[PDB]
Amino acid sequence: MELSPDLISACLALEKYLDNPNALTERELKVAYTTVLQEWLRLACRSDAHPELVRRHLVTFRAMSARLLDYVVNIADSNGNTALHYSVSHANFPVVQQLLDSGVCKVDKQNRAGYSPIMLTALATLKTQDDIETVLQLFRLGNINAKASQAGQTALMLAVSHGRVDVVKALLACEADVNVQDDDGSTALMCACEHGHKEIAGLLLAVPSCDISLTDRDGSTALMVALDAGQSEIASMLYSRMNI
């Protein structure tokens, strides 16, 4: 366990550049940026990334410049992915925790594909209460109702379509808006109907403001989507909501 000298050496260079863009030559800037991006992503973004070692670098970055901490914590590869995107995507939540605690994370920033680290939680299977709390903290630092650039989907819709009940529970605990519609006019409840996630439809219908009369671009309500998908248990829960 030791601070990457290659990383620190290139961060000292970038600190001068962030103070004054004329302080590094063209060659020196290209080299330092390339090294920081590479080493920072070696250190933080791997599957086995060690949270204590992450914390130590974050303290050394801070003690160099508060502007360097922000710049490094939010540095992004050619696909727009940051340490937060990758460590959420690998479900390495002890590292996510360490990144969140830096104070400088951008939990709503979308990669080139159009998704924020909040949205990347949708495919995570949460294992422990520690992980759940980290996720809740992540959610509460940004806009849980934001829409991805591709199809206008939210975190809730993504999580609902992938059957990740615990991510759905954490979203609703942070008061996620269940009535948001994607570019097709689809709601989260309609995702549950398509994919037949009976329990998840339950969780959504338990949200009192859940609007079951919303329609997509073809005029389908959730009930229509549920009937066309042969999901009679979900359809049945919708009958009770329509007072039958």
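Residue indices: 1-based, along the sequence shown.
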Problem - Between the two ranges 215-223 and 42-50, the one averaging a larger CA B factor in the entry - result: 42-50
Fill in the blank from the handout: Averaging the C-alpha temperature factors as deposited, the higher value of 88-96 versus 120-128 falls on 120-128
Fill in the blank from the handout: Scanning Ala66, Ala206, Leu37, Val178 for peak Cα temperature factor in the entry gives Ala66
Handout entry: Member of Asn145, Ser102, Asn81, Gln150 with the greatest C-alpha B factor (per the PDB record)
Key = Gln150
Completion exercise
Of the three thirds of Cα B-factor ranks in this chain, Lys106 occupies the lowest
Completion exercise
By the entry's values, the third containing the CA B factor of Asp184 is the highest
Handout entry: CA B-factor placement of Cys210, once the chain's modelled residues are sorted into thirds
Key = lowest
Handout entry: Assigned third (lowest, middle, highest) for the C-alpha B factor of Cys193
Key = highest
Completion exercise
Here the Cα B-factor of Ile200, set against its chain, lands in the third termed lowest
